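As structure tokens, the next two blocks hold two forms of the same chain, structure 1 and structure 2.
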Structure 1
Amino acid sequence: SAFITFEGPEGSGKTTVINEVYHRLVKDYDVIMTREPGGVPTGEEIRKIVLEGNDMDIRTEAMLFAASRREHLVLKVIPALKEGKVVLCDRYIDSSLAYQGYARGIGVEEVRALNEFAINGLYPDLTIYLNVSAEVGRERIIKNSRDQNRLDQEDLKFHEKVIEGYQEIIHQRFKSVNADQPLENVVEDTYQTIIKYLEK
């Protein structure tokens, strides 16, 4: 069994990559694809509070994300891994450090301690970092947007802090894949990295 997470900022193709990588592995492996909270009722109830939250305080969010992370972890991921399944998870501890910790400014270390409490030791066996540059990331975002408009300065500034944040969290479970490439190549490299790990 294997617990694989997918990390990257918007504009990195993560949704497409994970979705396509899942179809290619479903043939050979007993695999599942999930995204926090993953249908977990308590998990959803908790994440529904941040979505309906206005001007909600960032530490409060950091914590609700940590709780949702744990429910999804104890009620769905662990059980799947105890039955020998390969789990492909969209976002996990590293999104929080990059987003909440770094982009939002709370502090990586605090947020790291918070999440360490939530996962109680269970780290991914492999984490695919979809490394995209702010400019590429920017252009995929616009490409995929409703009216194809330019982004608000707030957003560009943030996306950049996200990416910068990820660049710090990378410095063995991490495998960096070049997301500046067309998606099919990103998918191919991702698939290859996963197959290679699974072989071993």
Structure 2
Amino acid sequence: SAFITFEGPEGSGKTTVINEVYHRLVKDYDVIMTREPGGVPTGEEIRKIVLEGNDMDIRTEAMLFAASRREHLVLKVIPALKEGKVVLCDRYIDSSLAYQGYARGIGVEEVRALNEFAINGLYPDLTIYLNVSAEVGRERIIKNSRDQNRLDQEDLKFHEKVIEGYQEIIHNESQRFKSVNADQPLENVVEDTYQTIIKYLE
């Protein structure tokens, strides 16, 4: 069994990548594609309070992500792993570390401690990081709305802090981290990602 997570800032093409990678693997392996809360009832309710998020304490936000993470992990990830499946997970602990910890400013280690209580030490066997530059990310983001409003000074600077945050987390731990160049065209990002995962599975 293998618990593989995918992390990356906005505009890294993560969602389309994980989707195509999964379609390639589904044939040769017993692989499931998932994302938090991933259909978990309680997890879904918890997550709904967040996206319809109107300036809720960042600490509350952090905790809700942690709580949703827990439900999903226990009710969906762990069971799958016990059945010997390969679990492809769109975002995990690292997302919280980068977004709530670094970008939001709560403090990476403080948020990592919160999540340790949630994941009980169950870290990913492998974590693919789609390393896209802020500029490339920004371009992918605008082509998906083509009317830049949701993209202003702060929005753009926040997206930079996130990347900075990832750079920090990836720096300390590179044991479970395997990076990929998300600055390339998406077809190449997928191939590279696929290869990285096949190697690990061999």
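By rigid core we mean the largest C-alpha set that fits within 1.5 Å across both forms. All residue numbers here follow the sequence of structure 1, with the first residue given the number 1.
- Residue displacement note: residue 150 has its CA displaced by at least 2 Å between structure 1 and structure 2 (rigid core superposed).
- Once the cores line up, the CA of residue 41 ends up less than 2 angstroms apart between structure 1 and structure 2.
- With both forms fitted on their core, the C-alpha atom of residue 52 sits 3.0 Å from where it sits in the other form; this compares the forms between structure 1 and structure 2.
- The two forms, fitted on their core, place the C-alpha of residue 121 1.0 Å apart, compared between structure 1 and structure 2.
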